[PDB]
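One structure below.
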Amino acid sequence: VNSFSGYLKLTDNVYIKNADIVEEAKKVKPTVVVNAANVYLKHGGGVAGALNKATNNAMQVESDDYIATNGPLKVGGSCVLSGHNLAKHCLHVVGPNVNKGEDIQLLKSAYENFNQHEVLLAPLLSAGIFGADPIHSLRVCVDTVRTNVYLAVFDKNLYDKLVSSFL
Ligand SMILES: OC[C@@H]1[C@@H]2CC[C@@H](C2)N1c1ncnc2[nH]ccc12
């Protein structure tokens, strides 16, 4: 039993809700919140910019130190950093940017990072400025993640469409 509320069950282990991941994080304070990051951990907009703003830029300060030490992430890769005031930890995951020419097959690799954590609050990956159709992303999530994932879907029309879709 956990403190997530109002989620619609999609499979044994995947749950979905029309919600802003930032507000879900502030309310639930989960163990792991997933950020939809780029390889430079430059949190400008979308999920990343909104999460970072909610941390008063502390996420960006921590991220810049991480990059200065370790260099950029791989597309499809991840790192665990602090969750600041939003969660115990933040799992920064890089989905492929199809508008950068990056291989959509790397979306499966990106979701594989979720399997290292028993429970996560997460957005759909690659479905923002990275291009990728959200229907495909939800499908990859369901077919890749085996741990318990609570998906926060920002756009209501998109959520309704995802819920009403079989294939
Ligand atoms: O696929 C991620 C989606 C789409 C790309 C950016 C938006 C729409 N995003 C969000 N999802 C969940 N909580 C969010 N809070 C702020 C943005 C946001």
Side-chain angles (χ1 to χ4, degrees), residues 2-10 14-60 63 73 75-78 81 83-100 102-114 117 119-145 148-165:
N2 56 50
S3 69
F4 293 102
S5 222
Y7 281 75
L8 179 61
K9 184 170 182 61
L10 298 185
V14 179
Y15 292 84
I16 197 167
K17 186 179 179 187
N18 170 225
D20 186 334
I21 198 178
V22 181
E23 295 304 321
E24 284 297 306
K26 282 196 278 192
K27 178 68 177 183
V28 176
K29 311 215 200 316
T31 304
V32 180
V33 65
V34 174
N35 182 31
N38 56 55
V39 300
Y40 308 111
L41 303 179
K42 286 313 188 198
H43 311 303
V47 170
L51 286 170
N52 175 59
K53 178 178 174 186
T55 75
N56 184 44
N57 210 50
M59 177 180 287
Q60 191 64 67
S63 293
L73 296 180
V75 183
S78 70
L81 291 172
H84 300 277
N85 52 316
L86 303 176
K88 187 170 195 293
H89 305 285
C90 178
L91 180 70
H92 296 271
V93 180
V94 183
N97 184 341
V98 170
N99 302 330
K100 281 176 190 142
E102 298 176 350
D103 176 17
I104 196 57
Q105 307 303 317
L106 289 169
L107 185 56
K108 188 172 183 75
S109 304
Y111 278 117
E112 288 172 341
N113 295 288
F114 290 25
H117 303 276
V119 185
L120 316 86
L121 171 63
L124 285 175
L125 296 175
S126 293
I129 67 171
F130 283 5
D133 189 349
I135 313 182
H136 175 66
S137 185
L138 178 58
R139 184 77 255 164
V140 178
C141 181
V142 163
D143 293 342
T144 304
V145 181
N148 292 324
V149 56
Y150 289 82
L151 294 169
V153 173
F154 185 85
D155 187 70
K156 170 55 96 81
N157 192 44
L158 174 59
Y159 168 84
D160 294 340
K161 173 203 271 192
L162 296 171
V163 168
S164 66
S165 306

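In what follows, residues are counted from 1 in the order of the sequence shown. Any value given below was found using the heavy atoms of this structure, including those in side chains, with hydrogens, waters and symmetry copies removed. Remember, it's 1-based here, ligands and their atoms both numbered in the order they're listed.
- Between the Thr55 side chain and the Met59 main chain, a donor and an acceptor come within less than 3.5 Å of each other.
- Within the 4.0 Å heavy-atom cutoff, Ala152 counts among the residues contacting ligand 1.
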For the pair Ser63 and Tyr40, evaluate side-chain hydrogen bond (donor to acceptor under 3.5 Å, both in side chains) and give the outcome as yes or no after the intermediate values. CA-CA 9 Å; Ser63 293; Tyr40 308 111; over 6 Å; no

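- Contact atoms of ligand 1 toward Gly128: 5 (C) (distance under 4.0 Å to a heavy atom of the residue).
- Separation of the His89 and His117 ring centroids does not fall under the 6.0 Å cut-off.
- Distances from atom 1 (O) of ligand 1 to the heavy atoms of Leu124, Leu151, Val153, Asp20 show the closest one on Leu124.
- Shown here is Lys100, whose NZ atom has more than 12 heavy atoms of other residues, nucleotides or ligands within 6.0 Å.
- When hydrogens are left out, the protein atom nearest atom 6 (C) of ligand 1 is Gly46 CA, 4.1 Å; that is the closest non-hydrogen contact.
- Given atom 9 (N) of ligand 1, the protein heavy atom at minimum distance is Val47 CG2, 3.7 Å.
- Counted within 6.0 Å of NZ on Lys9, heavy atoms from surrounding residues, nucleotides or ligands total more than 12; the atom is thus considered enclosed.
- Checked by distance only, ligand 1 and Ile21 come closer than 3.5 Å through their nitrogen or oxygen atoms.
- Within the 4.0 Å heavy-atom shell around ligand 1 one does not find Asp155.
- Residue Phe154 holds the heavy atom nearest to atom 7 (C) of ligand 1 of all those in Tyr159, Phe154, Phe130.
- Residues satisfying the salt bridge (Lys or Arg N to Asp or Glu O under 4.0 Å) criterion with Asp143, sequence neighbours excluded, are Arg139.
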